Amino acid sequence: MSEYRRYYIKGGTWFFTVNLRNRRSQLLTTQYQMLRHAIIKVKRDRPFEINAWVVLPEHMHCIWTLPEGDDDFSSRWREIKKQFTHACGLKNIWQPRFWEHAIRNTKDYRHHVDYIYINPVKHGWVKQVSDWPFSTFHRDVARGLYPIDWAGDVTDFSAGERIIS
């Protein structure tokens, strides 16, 4: 049984980790499109800012900032996993709920954005963060945020990742 309490703060920024139940799945990748589509549908109905996001074949990590006066990432995640569950007609694919962490300062924010873009490399998919197309890294390189050839240390602070067994 879990014990965490959602940290709700209006206008807040947070980091999240949502895992597919099945380790060998590649569904988030294969059906990249339905996923993309789902987040779009929900974003429209309950506005938020995607600070950053990666999708891996079987889980994703991301950072959101919610509108002023709005603390409700819960609904937003509930709808997202719902649309995508609907769209691909598969049942019980998600690890229930999700990992949430409130970002209170700029340093922490950057560690978590980096963590996001480094992730494909930590997970062994690619040797270079720009090799992975399934993220906002390229969106961010396309403003003057990150050099396309960016690299960074692979770190291990606890972050909602599935247990490595």
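Start at 1 and count along the sequence shown; that's the residue number.
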item: Residue stretch of maximal mean CA temperature factor, 29-37 vs 48-56; value: 29-37
item: Average Cα temperature factor in the PDB entry - higher stretch of 87-95, 68-76; value: 87-95
item: Highest recorded Cα temperature factor - choice among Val121, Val42, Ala102, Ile116; value: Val42
item: Third assignment of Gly144 from its chain's C-alpha B-factors; value: highest
item: Where the record places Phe157 (Cα B-factor, split into thirds across the chain); value: highest
item: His111 by Cα B-factor - lowest, middle or highest third of the modelled chain; value: lowest
item: Chain-wide C-alpha B factor ranking for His138, given as lowest, middle or highest third; value: middle
